[PDB]
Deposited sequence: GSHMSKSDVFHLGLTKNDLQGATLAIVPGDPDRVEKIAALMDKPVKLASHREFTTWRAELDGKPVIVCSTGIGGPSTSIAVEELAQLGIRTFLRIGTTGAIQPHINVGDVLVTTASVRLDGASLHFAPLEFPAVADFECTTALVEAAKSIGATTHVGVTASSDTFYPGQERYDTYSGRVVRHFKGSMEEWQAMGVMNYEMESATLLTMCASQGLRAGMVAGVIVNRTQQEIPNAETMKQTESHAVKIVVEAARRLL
(Lines of atoms letter the chains of each structure in order from A and count residues from 1; the text may use other names and numbers.)
(Lines give C-alpha, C1' and ligand atoms only; values in the text may rest on other atoms or scores of the structure.)
Protein backbone atom coordinates (compact mmCIF):
# COMPACT_ATOMS: atom_id res chain seq x y z
CA UNK A 1 0.00 0.00 0.00
CA UNK A 2 1.00 3.62 -0.69
CA UNK A 3 -0.97 4.88 2.34
CA UNK A 4 -1.11 4.08 6.07
CA UNK A 5 -4.75 2.96 6.47
CA UNK A 6 -6.69 2.55 3.20
CA UNK A 7 -4.50 -0.28 1.87
CA UNK A 8 -4.31 1.15 -1.65
CA UNK A 9 -1.77 2.07 -4.32
CA UNK A 10 -2.12 4.80 -6.95
CA UNK A 11 -2.32 1.96 -9.51
CA UNK A 12 -5.51 0.61 -7.87
CA UNK A 13 -7.31 3.89 -8.63
CA UNK A 14 -6.57 3.71 -12.39
CA UNK A 15 -6.23 7.51 -12.60
CA UNK A 16 -9.42 8.33 -10.67
CA UNK A 17 -9.78 11.89 -9.35
CA UNK A 18 -13.31 11.51 -7.97
CA UNK A 19 -14.49 9.59 -4.91
CA UNK A 20 -17.97 9.01 -3.55
CA UNK A 21 -17.53 8.85 0.23
CA UNK A 22 -20.35 7.26 2.27
CA UNK A 23 -20.17 6.84 6.04
CA UNK A 24 -21.19 3.17 6.08
CA UNK A 25 -18.80 0.43 4.83
CA UNK A 26 -21.88 -1.68 3.95
CA UNK A 27 -23.11 1.04 1.56
CA UNK A 28 -19.95 0.98 -0.61
CA UNK A 29 -21.00 -2.10 -2.62
CA UNK A 30 -24.54 -0.76 -3.15
CA UNK A 31 -23.23 2.54 -4.60
CA UNK A 32 -20.64 0.86 -6.85
CA UNK A 33 -23.27 -1.58 -8.18
CA UNK A 34 -25.10 1.39 -9.71
CA UNK A 35 -22.01 1.97 -11.87
CA UNK A 36 -20.32 -0.17 -14.54
CA UNK A 37 -17.75 -2.91 -13.78
CA UNK A 38 -17.57 -2.47 -9.96
CA UNK A 39 -14.74 -4.23 -8.10
CA UNK A 40 -13.66 -4.50 -4.45
CA UNK A 41 -10.20 -3.05 -3.85
CA UNK A 42 -9.61 -3.14 -0.07
CA UNK A 43 -11.18 -3.39 3.39
CA UNK A 44 -9.29 -2.24 6.49
CA UNK A 45 -10.88 -1.01 9.73
CA UNK A 46 -13.94 1.12 8.81
CA UNK A 47 -12.43 1.84 5.37
CA UNK A 48 -13.95 -0.24 2.57
CA UNK A 49 -12.93 0.68 -0.98
CA UNK A 50 -14.52 -0.22 -4.31
CA UNK A 51 -13.64 0.97 -7.81
CA UNK A 52 -16.23 1.34 -10.56
CA UNK A 53 -16.58 2.75 -14.07
CA UNK A 54 -18.84 5.71 -14.82
CA UNK A 55 -19.29 6.82 -18.45
CA UNK A 56 -15.99 5.05 -19.24
CA UNK A 57 -14.11 6.79 -16.41
CA UNK A 58 -12.85 5.13 -13.19
CA UNK A 59 -14.56 6.26 -9.97
CA UNK A 60 -13.71 5.40 -6.35
CA UNK A 61 -16.22 4.57 -3.61
CA UNK A 62 -14.72 4.67 -0.12
CA UNK A 63 -16.28 4.62 3.36
CA UNK A 64 -15.14 7.14 5.97
CA UNK A 65 -16.90 5.68 9.00
CA UNK A 66 -18.90 7.79 11.46
CA UNK A 67 -17.35 11.12 12.43
CA UNK A 68 -14.67 13.60 11.43
CA UNK A 69 -11.59 11.74 12.78
CA UNK A 70 -11.82 8.73 10.43
CA UNK A 71 -13.18 10.96 7.66
CA UNK A 72 -10.02 13.10 7.95
CA UNK A 73 -7.87 9.96 7.55
CA UNK A 74 -9.83 8.67 4.52
CA UNK A 75 -10.09 11.99 2.64
CA UNK A 76 -6.40 12.81 3.23
CA UNK A 77 -5.11 9.40 2.11
CA UNK A 78 -7.41 9.48 -0.94
CA UNK A 79 -5.97 12.93 -1.78
CA UNK A 80 -2.45 11.46 -1.57
CA UNK A 81 -3.56 8.83 -4.10
CA UNK A 82 -4.82 11.50 -6.51
CA UNK A 83 -8.48 12.14 -5.63
CA UNK A 84 -9.45 15.82 -6.00
CA UNK A 85 -13.28 15.74 -5.95
CA UNK A 86 -15.10 14.26 -2.94
CA UNK A 87 -18.85 13.56 -2.82
CA UNK A 88 -20.41 12.54 0.49
CA UNK A 89 -23.67 10.62 0.60
CA UNK A 90 -25.16 10.15 4.06
CA UNK A 91 -28.20 9.61 6.25
CA UNK A 92 -29.71 12.40 8.36
CA UNK A 93 -32.27 13.49 10.92
CA UNK A 94 -34.26 16.55 9.82
CA UNK A 95 -35.11 19.28 12.34
CA UNK A 96 -37.46 21.42 10.22
CA UNK A 97 -41.21 20.60 10.18
CA UNK A 98 -41.51 21.11 6.40
CA UNK A 99 -38.88 18.47 5.57
CA UNK A 100 -40.38 14.97 5.31
CA UNK A 101 -38.92 11.46 5.62
CA UNK A 102 -37.64 10.44 2.18
CA UNK A 103 -36.55 13.94 1.18
CA UNK A 104 -33.00 14.62 -0.01
CA UNK A 105 -30.88 17.44 1.38
CA UNK A 106 -27.97 19.20 -0.30
CA UNK A 107 -25.63 21.03 2.09
CA UNK A 108 -24.25 24.42 1.04
CA UNK A 109 -22.34 24.75 4.32
CA UNK A 110 -22.22 23.26 7.81
CA UNK A 111 -22.44 24.39 11.43
CA UNK A 112 -19.15 23.18 12.90
CA UNK A 113 -20.08 21.16 15.99
CA UNK A 114 -17.03 18.94 15.45
CA UNK A 115 -13.38 18.91 16.52
CA UNK A 116 -11.56 17.70 13.40
CA UNK A 117 -12.42 20.76 11.27
CA UNK A 118 -10.41 22.91 13.72
CA UNK A 119 -7.32 20.84 12.85
CA UNK A 120 -7.51 22.29 9.31
CA UNK A 121 -8.94 25.79 9.78
CA UNK A 122 -9.91 28.02 12.74
CA UNK A 123 -13.63 28.17 13.66
CA UNK A 124 -14.22 31.45 11.76
CA UNK A 125 -13.48 29.66 8.47
CA UNK A 126 -16.71 28.50 6.77
CA UNK A 127 -17.41 24.77 6.35
CA UNK A 128 -18.61 25.51 2.81
CA UNK A 129 -19.21 23.02 -0.01
CA UNK A 130 -17.67 23.47 -3.46
CA UNK A 131 -19.98 25.44 -5.77
CA UNK A 132 -19.61 23.07 -8.75
CA UNK A 133 -20.24 20.01 -6.55
CA UNK A 134 -23.33 21.60 -4.97
CA UNK A 135 -24.61 22.62 -8.42
CA UNK A 136 -24.14 19.08 -9.76
CA UNK A 137 -25.95 17.60 -6.74
CA UNK A 138 -28.92 19.99 -7.04
CA UNK A 139 -29.16 19.32 -10.79
CA UNK A 140 -28.85 15.55 -10.24
CA UNK A 141 -31.65 15.67 -7.66
CA UNK A 142 -33.92 17.50 -10.12
CA UNK A 143 -32.87 15.07 -12.85
CA UNK A 144 -34.35 12.10 -10.97
CA UNK A 145 -37.19 14.24 -9.58
CA UNK A 146 -36.74 14.05 -5.80
CA UNK A 147 -38.08 16.39 -3.11
CA UNK A 148 -34.98 18.46 -2.41
CA UNK A 149 -34.03 21.09 0.17
CA UNK A 150 -30.86 23.20 -0.11
CA UNK A 151 -29.28 24.88 2.91
CA UNK A 152 -27.27 24.65 6.14
CA UNK A 153 -26.55 21.43 8.07
CA UNK A 154 -25.54 20.98 11.72
CA UNK A 155 -22.58 18.58 11.79
CA UNK A 156 -22.09 17.07 15.24
CA UNK A 157 -19.29 15.04 16.84
CA UNK A 158 -21.94 13.05 18.75
CA UNK A 159 -25.17 11.30 17.83
CA UNK A 160 -26.84 11.93 21.20
CA UNK A 161 -25.98 15.04 23.32
CA UNK A 162 -24.75 17.15 20.37
CA UNK A 163 -28.06 16.49 18.61
CA UNK A 164 -29.88 17.13 21.90
CA UNK A 165 -31.14 13.59 22.49
CA UNK A 166 -32.34 13.02 26.06
CA UNK A 167 -33.29 9.35 25.65
CA UNK A 168 -29.90 8.27 26.98
CA UNK A 169 -28.17 6.57 29.91
CA UNK A 170 -27.53 9.87 31.73
CA UNK A 171 -30.72 11.50 30.42
CA UNK A 172 -28.98 14.88 30.37
CA UNK A 173 -27.29 17.28 27.94
CA UNK A 174 -24.32 19.53 28.79
CA UNK A 175 -25.13 23.26 29.18
CA UNK A 176 -23.54 24.18 25.83
CA UNK A 177 -25.99 21.98 23.89
CA UNK A 178 -29.06 22.57 26.08
CA UNK A 179 -31.69 24.25 23.90
CA UNK A 180 -29.32 24.07 20.91
CA UNK A 181 -31.71 22.22 18.55
CA UNK A 182 -34.33 24.97 18.94
CA UNK A 183 -31.62 27.56 18.22
CA UNK A 184 -30.53 25.80 15.00
CA UNK A 185 -34.20 25.39 13.99
CA UNK A 186 -34.82 29.14 14.31
CA UNK A 187 -31.66 29.76 12.25
CA UNK A 188 -33.06 27.69 9.37
CA UNK A 189 -30.68 24.74 9.85
CA UNK A 190 -32.16 21.75 8.01
CA UNK A 191 -30.68 18.67 9.67
CA UNK A 192 -28.17 16.82 11.84
CA UNK A 193 -25.36 14.60 10.57
CA UNK A 194 -21.82 13.77 11.68
CA UNK A 195 -19.19 14.20 8.91
CA UNK A 196 -19.89 17.23 6.69
CA UNK A 197 -18.19 19.91 8.85
CA UNK A 198 -14.88 18.01 8.78
CA UNK A 199 -15.10 17.03 5.10
CA UNK A 200 -16.14 20.49 3.86
CA UNK A 201 -13.63 22.41 6.03
CA UNK A 202 -10.65 20.18 5.20
CA UNK A 203 -11.42 20.25 1.46
CA UNK A 204 -12.21 23.98 1.12
CA UNK A 205 -9.01 24.90 3.01
CA UNK A 206 -6.80 22.55 0.96
CA UNK A 207 -7.92 23.22 -2.63
CA UNK A 208 -10.10 20.10 -2.84
CA UNK A 209 -13.67 20.01 -4.17
CA UNK A 210 -16.37 18.64 -1.86
CA UNK A 211 -20.12 18.08 -2.05
CA UNK A 212 -22.63 16.84 0.52
CA UNK A 213 -25.99 15.08 0.04
CA UNK A 214 -28.15 13.13 2.51
CA UNK A 215 -31.41 11.19 2.68
CA UNK A 216 -33.89 12.03 5.44
CA UNK A 217 -34.72 8.88 7.41
CA UNK A 218 -36.17 10.66 10.46
CA UNK A 219 -37.72 14.02 11.33
CA UNK A 220 -37.07 15.12 14.91
CA UNK A 221 -40.23 17.28 15.09
CA UNK A 222 -42.41 14.30 14.10
CA UNK A 223 -38.96 3.66 3.79
CA UNK A 224 -35.38 3.75 5.14
CA UNK A 225 -34.01 1.53 2.34
CA UNK A 226 -35.98 3.49 -0.29
CA UNK A 227 -34.58 6.82 0.95
CA UNK A 228 -30.98 5.54 0.96
CA UNK A 229 -31.52 4.27 -2.61
CA UNK A 230 -32.87 7.67 -3.72
CA UNK A 231 -29.81 9.48 -2.31
CA UNK A 232 -27.40 6.90 -3.77
CA UNK A 233 -28.87 7.45 -7.25
CA UNK A 234 -28.33 11.22 -6.87
CA UNK A 235 -24.68 11.05 -5.69
CA UNK A 236 -23.77 8.84 -8.69
CA UNK A 237 -25.63 11.12 -11.14
CA UNK A 238 -23.87 14.16 -9.63
CA UNK A 239 -20.49 12.45 -10.11
CA UNK A 240 -21.42 12.06 -13.81
CA UNK A 241 -21.57 15.84 -14.27
CA UNK A 242 -18.28 16.37 -12.40
CA UNK A 243 -16.05 13.92 -14.32
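According to the record, no C-alpha positions are given for deposited positions 1-6, 229-235, numbered from 1.
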